[PDB]
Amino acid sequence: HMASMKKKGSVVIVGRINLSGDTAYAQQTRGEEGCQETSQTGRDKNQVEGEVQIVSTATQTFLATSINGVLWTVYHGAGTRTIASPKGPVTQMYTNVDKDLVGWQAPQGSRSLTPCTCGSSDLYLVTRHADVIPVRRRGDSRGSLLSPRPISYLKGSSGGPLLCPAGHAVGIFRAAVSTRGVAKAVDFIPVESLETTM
């Protein structure tokens, strides 16, 4: 019935991957109860910092990455949802189900990565656990893990960046290619596909 129809909450920033120093580490900035309230109101007054955010809905958690002033993530995590912000829910500025891609304006206080123009195939995937995983680029949207590991270790890191040696954004992690549960390769949205969408 129309009177009873519910509304999905906003995506909420709950933490970040700190890459500012010599050591990468995950930081939590909001716990589960506060995340639930913030998702319902869409009002998040917490200060945002950094390039890689940890984000959550009521049912999923994943990453989002700021590149060129846009906070990018995956459609299979965010759907068409707003993101919470100090002034309330912010509507997506980009949505492309065909690429598994969404984006919102980057939050005030975030730092954006620069799109890579290096043409390098020696990449680094940053996970929600702040693992920095060497990946050899194998195509426009594929890379192979130099050290394979169970898909468990990658779960929840969609939306995270692949970086070049110089720290530029090369792509957004989308899916894991697995054999008997072991991730040998990753599928990602290249930054040129983002720069086209822009």
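Residues carry their position along the shown sequence, with the first being 1.
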Checklist line | Segment of higher mean CA temperature factor, 13-21 or 182-190 | finding: 13-21
Note to self: Test of understanding: from the entry's C-alpha B-factors, which stretch has the higher mean, 143-151 or 163-171?
What the structure shows: 143-151
Check: Taking the Cα B-factors listed in the entry, which of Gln36, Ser157, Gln28, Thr65 comes out highest?
Finding: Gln36
Next item on the list: Among the candidates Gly77, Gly88, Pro115, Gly103, give the one with the maximum CA B-factor reported in the record.
Entry: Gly88
Next item on the list: Give the position of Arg136 by CA B-factor within its chain, expressed as the lowest, middle or highest third.
Entry: middle
Notebook entry, point to check: Against its chain's modelled residues, does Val52's Cα B factor rank lowest, middle or highest third?
Noted result: lowest
Next item on the list: Report the third (lowest, middle or highest) to which the CA temperature factor of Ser121 belongs, ranking only the modelled residues of the same chain.
Entry: middle
Item checked: Among modelled residues of the same chain, the CA temperature factor third for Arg128 -> lowest
